[PDB]
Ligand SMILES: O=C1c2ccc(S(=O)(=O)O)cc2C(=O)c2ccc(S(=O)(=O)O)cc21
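Just one chain follows, in the form deposited without the named molecule, and it is written as structure tokens.
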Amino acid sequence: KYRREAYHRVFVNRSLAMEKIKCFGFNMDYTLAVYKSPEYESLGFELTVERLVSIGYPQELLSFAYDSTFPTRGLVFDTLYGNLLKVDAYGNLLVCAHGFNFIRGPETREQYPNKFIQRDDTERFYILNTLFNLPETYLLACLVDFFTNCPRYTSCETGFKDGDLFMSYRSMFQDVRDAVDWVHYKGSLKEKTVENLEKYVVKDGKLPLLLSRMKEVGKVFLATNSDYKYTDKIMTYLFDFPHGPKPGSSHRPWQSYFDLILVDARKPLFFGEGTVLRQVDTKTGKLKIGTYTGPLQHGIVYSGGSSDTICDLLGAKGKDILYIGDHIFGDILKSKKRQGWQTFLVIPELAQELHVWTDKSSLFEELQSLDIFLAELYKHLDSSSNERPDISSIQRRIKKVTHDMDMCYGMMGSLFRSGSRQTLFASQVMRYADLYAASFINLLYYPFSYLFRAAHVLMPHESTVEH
């Protein structure tokens, strides 16, 4: 079967007829504005450590340097025990690292009955799904690791003693949750991003190309959580080329690419009741007291609003809308809110994941062989056979190799799978995302008539027995 080159591919959870698509919606941060890596994470990391120091934390935090090779996205911080957990779709622990000390085997079960956590218990466990969580994730490890090995800190099971005062991982987590939040919304993160854009944000003429062709088959809108001063800066840079969509054409403003522009969306509340629909005065970047209602002329820019409001202005309905973004949402209203958008989920980790999947075929093959052999020793055996062939050295070599394969993805494994088992993150992707790729940009390699036909997912009795 013909398939495009792996790195251009859009992958398909649920089938989707692109001719049917009338409106393309865009997330900005980490979707059109891909922040550069590991620079941007380093930036967030350092400002968060500097905020933690300024509010009391010890100076050794300034020795911390963000390491992009530790965190995998989607881990669970357990504020009871201070652990970064990699669980599966149902709650089973696949990885448990205390600080940087990976708890391997039976001693996990000591803390976690049945190697199992009830991931609905959000008072105890915080999911770290988003791309911005990456620094917070490495940081939580650094903090747990440092205090655990710092002689002036007595480690107990839920935190650390220091004389009369006790700092629990729950208190420690909230300080980190505050700092992070403070950095995003009151620190210099936006500011220092906007003043060295070439170091932090990607630029690529494929962005104005693809959006322009999208605008010839349908409408294009932007629904971003950032304000207008931030969005104007970021979007001006992404469209700063000495031409427009194609070489030779005049450059045009980034606004000219969107039928509707909405900032201050307040997602996910955006997707329910919303906030009052407001309008931004594009000169001050402040909200106008008035708001222009009616037709959909260009030059207007909205703040607040609702999915319904955006859908009414565009004159669409949910299934006419392909929402393109890096965030995974719930369906807490899908059973009442009659309107339901399609989804394209951006998953940047896929780029390096696909490199491992190809550039490391020797480990996938050699696992295939150790399983061939295994399935051969037991060939002529049934329950009558009482032979116990030694397979320890084999069972050893499968661990060492699937661990090697794991570590190709970094110290916390693949985003989508630990060893054989799938992650909780993979399931949310399969639940939420009709389409997904490493960047939406890969839509450029598909015609807008394209029929995306879902990939079959097989249960064991389907993947391992022939027709």
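Residue numbers run from 1 along the displayed sequence.
Taking the PDB entry as given, 146-154 carries the higher mean Cα B factor of the two stretches 146-154 and 227-235.
Of the two segments examined, 100-108 and 252-260, it is 100-108 that shows the higher average Cα temperature factor in the deposited entry. The PDB entry assigns the greatest CA B-factor among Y138, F241, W357, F271 to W357.
When the C-alpha B-factors of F116, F173, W341, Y292 are ranked from the entry, the top spot goes to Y292. Placement of the Cα temperature factor of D181 within the chain: middle third of the modelled residues, per the deposited record. Ranked within its chain, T402 lands in the highest third, by CA B factor from the PDB record. Split the chain's modelled residues into thirds by C-alpha temperature factor. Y409 is in the middle one. Per the deposited record, the Cα B-factor of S439 falls in the lowest third when ranked against the other modelled residues of its chain. For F26, the recorded CA B-factor ranks within the middle third of the chain. Only modelled residues enter the ranking.
Omitted here: the form solved in complex with the named molecule. The next part is about that form.
The closest heavy atom approach of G315 to the named molecule in the deposited bound form falls outside 4.5 Å. In the deposited bound form, the named molecule sits within 4.5 Å of a heavy atom belonging to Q428. Using a 4.5 angstroms threshold between heavy atoms, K267 counts as touching the named molecule in the deposited bound form. Taking the partner from the other structure, the named molecule in the deposited bound form has a heavy atom within 4.5 Å of a heavy atom of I127. With the named molecule left out of view, the stretch that reaches within 4.5 Å of it through heavy atoms in the deposited bound form is, among 327-335, 294-302, 164-172, 275-283, 327-335. Here is the short version: of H98, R73, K219, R119, the single residue with a heavy atom within 4.5 Å of the named molecule in the deposited bound form is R119. Residue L424 is the only one of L435, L52, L43, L424 with a heavy atom lying within 4.5 Å of the named molecule in the deposited bound form.
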